[PDB]
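So the sequence lines, in the order shown, correspond to chains Q, N and B.
Counting along the first sequence from 1, when you hit position 72 you're at 72 in the deposited numbering, and nothing is skipped either side.
Counting along the second sequence from 1, when you hit position 276 you're at 276 in the deposited numbering, and nothing is skipped either side.
Counting along the third sequence from 1, when you hit position 14 you're at 289 in the deposited numbering, and nothing is skipped either side.
Built from N, CA and C at the ideal position, the CB exists for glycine as well.
A quick write-up on the structure given underneath.
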Amino acid sequence: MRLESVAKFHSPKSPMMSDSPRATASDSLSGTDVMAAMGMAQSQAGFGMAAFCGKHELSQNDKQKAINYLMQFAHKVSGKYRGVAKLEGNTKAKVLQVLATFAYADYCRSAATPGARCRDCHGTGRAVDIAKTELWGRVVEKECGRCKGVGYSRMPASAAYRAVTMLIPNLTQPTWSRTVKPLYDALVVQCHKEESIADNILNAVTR
Amino acid sequence: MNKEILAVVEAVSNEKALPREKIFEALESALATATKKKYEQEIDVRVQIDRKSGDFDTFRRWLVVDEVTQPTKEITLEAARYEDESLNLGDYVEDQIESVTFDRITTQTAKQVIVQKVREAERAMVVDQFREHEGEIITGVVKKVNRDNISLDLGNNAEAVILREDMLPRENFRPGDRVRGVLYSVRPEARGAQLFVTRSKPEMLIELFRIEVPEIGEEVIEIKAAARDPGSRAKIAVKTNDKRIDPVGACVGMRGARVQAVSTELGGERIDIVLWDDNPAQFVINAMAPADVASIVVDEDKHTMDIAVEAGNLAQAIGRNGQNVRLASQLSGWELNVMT
Amino acid sequence: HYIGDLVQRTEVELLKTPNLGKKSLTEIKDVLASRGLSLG
RNA sequence: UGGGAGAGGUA
Ligand SMILES: [Zn+2]
């Protein structure tokens with residue numbers, strides 16, 4: 001909708017290659033007032049802006065901001081999950097830290113993650129069926145059967161499980177799926193929710 | 001001479017679920033608004049672009065009123081005397097000839113109004129794909145969550161919305177997986193999102209049993225009432241006019257198969273199957289199971305029961321924090337009282 | 276000759292007086308609209 | 001857009 005133009009604007013100055021430049025007007029916007037509007041829209045909807053900049057690897061310092069906001073949300077929301085609600089203070093802080101970091105890395109994982117692109121489709125998730133081109137004449141496409149359309153290898157949730165059972169050893173996989181993993185999926189759904197509400201507030205500001 | 005309307009009818013034609021006369025209405029409203037904003041006088045000119053020619057004649061309008069404002073549209077009864085009283089008080093027909101020019105400001109406001117018209121025409125496309133089939137289990141992939149809603153799709157650039165209150169309390173839908181839901185009754189006039197789909201309604205469970213069980217499908221077993229505590233516990237009411245097939249054994253299936261299917265499709269909600277009866281007293285002594293019955297006082301005027309229950313089954317009779325009494329009361333319509 | 280001799284002219288008179296067609300009706304109507312005065 | 005020369009000037 002509105003947010004990805006700002007991610008275009010976080011780059012350095014790229015060289016132009018065209019004819020007569022410099023419209024010199026206020027047709028869309030400048031490049032500094034977009035950052036000023038990001039500043040005006042930070043007192044509310046800062047979670048989604050921090051998560052979006054951490055996801056798209058522009059301003060690689062608000063990854064820790066997004067992990068801290070997710071940790072605060074998990075501290076506020078942990079009173080409805082039976083596996084985490086009985087633990088003691090610093091141990092519950094450390095399990096919330098480790099599953100917040102893994103949930104944020106799962107939200108961040110797209111086809112630009114190093115070691116995550118599909119082998120066949122090279123990320124596009126769209127290969128050409130040769131038989132339908134031979135019978136139709138025109139060029140066709142299909143779904144990349146190895147990646148199954150998404151274009152990248154998804155993050156398995158058991159990585160957080162392996163990283164928490166170095167700290168909680170007596171927590172096996174069935175109770176991990178029963179009363180811990182809903183909190184992890186709640187964290188990634190909260191990341192997507194905060195990014196959507198930040199895009200909504202950005203579009204409300206720069207309108 | 002217009003090859004351009006010929007391009008409309010064959011070359012730049014729409015997706016084929018949209019009619020041609022609505023495109024002609026879109027372009028005629030476009031040129032009407034373009035000539036409306038361009039004239040400095042407050043003229044609400046509505047131009048009749050005739051279909052087969054392409055070219056036209058600009059038509060400043062006039063409605064039969066007796067008001068003081070808008071002289072460019074203010075004609076009176078004595079101005080209707082020029083067409084000698086063959087019309088209605090207030091229709092905006094014309095009796096004038098004007099011309100038309102083009103400009104890039106007209107081009108950009110025409111672009112705005114035609115993307116609005118194709119937007120509402122695609123909205124009417126989703127309206128007829130909703131009204132072609134009223135109430136069914138559907139499947140789409142979640143694509144953009146929000147604060148108060150979950151946007152969906154049904155393919156062919158359609159969209160649906162799960163609101164916040166009509167989903168499971170144990171919902172966790174990362175964008176990219178396929179979800180199950182029932183569209184029930186959507187707003188075809190909604191300018192924003194229309195297709196309201198739920199996951200925590202009695203309509204959900206009855207449509208899931210309808211797609212699940214073929215004798216629900218062909219009306220051998222019938223379900224009459226329902227009860228919901230979303231994600232945890234549920235009750236539906238079964239009567240049957242047929243006498244051959246066992247109703248409760250049929251809807252539990254081979255070793256709880258249909259109950260476990262709806263329970264894992266609903267999120268661990270303990271649907272407790274119980275008979276429907278027509279008469280109130282014997283219906284409710286069937287209905288509060290697995291609780292035990294001592295004596296029942298049936299009340300007519302304020303629509304309540306009074307249940308004597310022996311000691312020992314109070315916890316499983318009330319559920320957790322009054323769960324079973326609440327769920328049974330919104331099952332039967334009769335709210336329950338405690339008696340020893 | 277004056278708009279003081281137009282203010283009493285009712286809309287019945289504006290269309291029953293001779294040789295005032297639709298174009299002349301618009302020609303007097305838009306200039307009374309731009310002058311702010313109304314008639315009837 | 002934005003780089004390099006050359007010329008002159010100000011403190
Ligand atoms: Zn692939």
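Query: Contact test: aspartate 120 of chain Q Cβ vs ligand 1 heavy atom, cutoff 7 Å; Result: yes
Query: Closer than 7 Å: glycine 79 of chain Q CB and nearest ligand 1 heavy atom; Result: no
Query: Distance, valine 115 of chain N Cα to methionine 17 of chain Q Cα; Result: 31 Å
Query: Any non-hydrogen atom of ligand 1 closer than 7 Å to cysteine 108 of chain Q Cβ; Result: no
Query: Classification of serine 200 of chain N by the beta-carbon crowding that lies within 10 angstroms, buried from 16 upward; Result: buried
Query: Rounded straight-line distance, which links the Cα of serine 53 of chain N to that of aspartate 103 of chain N; Result: 22 Å
Query: Within 7 Å of chain N by C-beta, residues of the region 167 to 188 of chain Q in sequence order; Result: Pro182, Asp185, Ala186, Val188
Query: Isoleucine 130 of chain Q burial status per 10 Å Cβ neighbour count (16 or more: buried); Result: exposed
Query: Beta-carbon spacing of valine 182 of chain N, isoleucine 137 of chain N below 8 Å; Result: yes
Query: C-alpha distance - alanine 311 of chain N paired with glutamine 323 of chain N, whole-angstrom precision; Result: 18 Å
Query: For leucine 167 of chain Q and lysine 94 of chain Q, believed in contact at Cβ under 8 Å, the rounded distance; Result: 6 Å
Query: Contact residues within the region 38 to 61 of chain N, judged by C-beta distance below 7 Å to chain B; Result: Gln41
Query: Residue environment, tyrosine 92 of chain N, which counts as buried when at least 16 other CB atoms sit within 10 Å; Result: exposed
Query: Where the beta strand (DSSP E) containing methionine 40 of chain Q begins and where it ends; Result: Not the beta strand (DSSP E): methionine 40 of chain Q falls in the alpha helix (DSSP H), residues 33 to 40.
Query: Between the CA atoms of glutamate 195 of chain Q and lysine 65 of chain Q - distance to the nearest angstrom; Result: 14 Å
Query: Interface residues of chain Q facing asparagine 321 of chain N [CB-CB closer than 9 Å]; Result: Near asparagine 321 of chain N there are no residues of chain Q at all, since even the closest Cβ is about 15 Å away, more than 9 Å.
Query: For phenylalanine 196 of chain N, three-class secondary structure by DSSP; Result: strand
Query: Under 8 Å by beta carbon: chain Q residues contacting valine 145 of chain N; Result: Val189, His192, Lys193, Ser196
Query: Pair within 8 Å by beta-carbon distance, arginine 170 of chain N and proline 182 of chain Q; Result: yes
Query: Of the listed residues N/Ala158, N/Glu203, N/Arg174, nearest to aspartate 166 of chain N (C-alpha basis); Result: N/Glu203
Query: Close Cβ partners of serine 263 of chain N (< 8 Å) along its chain, the five nearest in sequence each way excluded; Result: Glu269, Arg270, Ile271
Query: Contact test: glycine 176 of chain N Cβ vs ligand 1 heavy atom, cutoff 7 Å; Result: no
Query: Nearest to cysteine 118 of chain Q (by Cα), restricted to the options Q/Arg126, Q/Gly151, Q/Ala100; Result: Q/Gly151
Query: Positions along the region 282 to 295 of chain B whose CB lies within less than 7 Å of some CB in chain N; Result: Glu286, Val287, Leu290
Query: Close beta carbons around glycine 333 of chain N, own chain, < 6 Å, minus the five adjacent residues each side; Result: none
Query: Cβ-heavy atom distance, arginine 146 of chain Q to ligand 1, below 7 Å; Result: yes
Query: Three-state secondary structure assigned by DSSP to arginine 81 of chain N; Result: helix
Query: Collapsed DSSP secondary structure at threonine 165 of chain Q in the structure displayed; Result: coil
Query: Test: residue 344 of chain N CB closer than 8 Å to a CB of chain B; Result: Absent from the structure is residue 344 of chain N, since the part of chain N shown begins at 1 and ends at 340.
Query: Whole-angstrom C-beta distance between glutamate 212 of chain N and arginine 258 of chain N, which should lie under 8 Å; Result: 6 Å
Query: Interface residues of the region 142 to 163 of chain Q facing chain N [CB-CB below 9 Å]; Result: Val150, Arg154
Query: Closer than 8 Å to chain N by CB, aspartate 280 of chain B; Result: no
Query: Near ligand 1: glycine 125 of chain Q beta-carbon under 7 Å from a heavy atom; Result: yes
Query: Distance between beta carbons of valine 274 of chain N and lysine 235 of chain N, contact taken as under 8 Å; Result: 6 Å
Query: C-beta neighbour in chain B for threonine 35 of chain N, strict 8 Å; Result: no
Query: Proximal residues to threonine 240 of chain N (C-beta, below 8 Å), its chain only, five neighbours per side dropped; Result: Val220, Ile221, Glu222, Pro247
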